[PDB]
Amino acid sequence: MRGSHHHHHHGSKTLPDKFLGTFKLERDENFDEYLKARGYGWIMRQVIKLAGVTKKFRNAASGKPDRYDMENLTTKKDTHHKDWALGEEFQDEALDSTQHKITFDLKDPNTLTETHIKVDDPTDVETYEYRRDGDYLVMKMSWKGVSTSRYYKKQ
Ligand SMILES: CCCCCCCC/C=C\CCCCCCCC(=O)O
């Protein structure tokens, strides 16, 4: 995705309120397989799978328009994307604990993408997808064909 040349139409898209608010993880599916595919061993899988997750999306207190804040509170981790826009690429610390290049993008009007690109190894990327389904935020994570769907409800 790259539309730098003439981005007046895609200047800044404002997050649909469907993705906004605080969501607590209800359940997930095929998460272990995703972890294996992602290259996480048993130890990591013992962490990652047992990590409860709370999503927080809000208008960015940065004081600007269109921007949004998003943090990923878990049991063992914690990440806080201060002031980001969809289609925007910024540096920050992801769940993987490093401070690397990250990009968000509204790919469809019901699915946002979170892509983590490590400064050290940009090939060991990782992508989450924020889909809406019903009154739940449904995350889709796919690696090596392995899709895992994490079902988040509001708080
Ligand atoms: C599943 C990818 C985990 C990447 C970081 C692994 C090291 C830290 C341990 C556990 C991570 C907890 C978060 C798991 C992914 C949450 C995805 C999400 O819903 O945003």
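Residues numbered from 1 in each chain as written, not as in the entry; some residues may be left out. Heavy atoms only, no water.

The record lists solution NMR as the method behind this PDB entry.

The protein chain is annotated in the PDB entry as Fatty acid-binding protein homolog of Ascaris suum. Listed in the archive, the entry goes by the title "Solution structure of As-p18 reveals that nematode fatty acid binding proteins exhibit unusual structural features". Of the comments in the UniProt record for the protein chain, the one headed Sequence similarities reads "Belongs to the calycin superfamily. Fatty-acid binding protein (FABP) family." (UniProt positions renumbered as here; feature names shortened; annotations may be inferred.)

### So, the pairing of strand β7 (residues 111-117)
Of all 7 residues that make up β7, 6 are buried, and the element is covered over most of its length. By the bridge criterion, 7 bridges tie strand β6 (residues 99-108) to β7 in an arrangement that is antiparallel. Pairing of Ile-102 across the sheet is with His-116, part of β7. Hairpin connection, β6 to β7: the antiparallel pair is bridged by 2 residues. (Buried < 20%, exposed > 50% of the residue type's maximum accessible area, 1.4 Å probe, protein only. Helix = DSSP H or I, 4+ residues; strand = E, 2+ residues; numbered from the N terminus. Pairing = 2+ DSSP bridges.)

### Structural notes on the packing of aromatic side chains
How two aromatic rings sit relative to each other is given by the distance of their centres and the angle of their planes. Enumeration over the complete set of coordinates arrives at 6 aromatic pairs. One aromatic cluster is present, built from ring pairs that chain together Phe-57, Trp-84, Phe-90, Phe-104 and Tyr-130. Sitting over the ring of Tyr-68, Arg-67 keeps its end group 5.6 Å from the ring centre. Sitting over the face of the ring of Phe-23, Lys-154 holds its NZ or CZ atom 5.5 Å from the ring centroid. (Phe/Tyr/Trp six-rings, centres within 6.5 Å; stacked < 30°, edge-to-face > 60°. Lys NZ or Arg CZ within 6 Å of the ring centre and 35° of its normal.)

### With respect to the pairing of strand β3 (residues 68-73)
Looking at chain direction, strand β2 (residues 54-59) and β3 are connected through 6 bridges and run antiparallel. Paired with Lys-55 across the bridge in β3 is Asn-72. With 5 bridges connecting them, β3 and strand β4 (residues 78-84) associate as antiparallel partners. Looking across to β4, one finds that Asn-72 is bridged to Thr-79. Between β3 and β4, which pair antiparallel one after the other, the connecting turn spans 4 residues.

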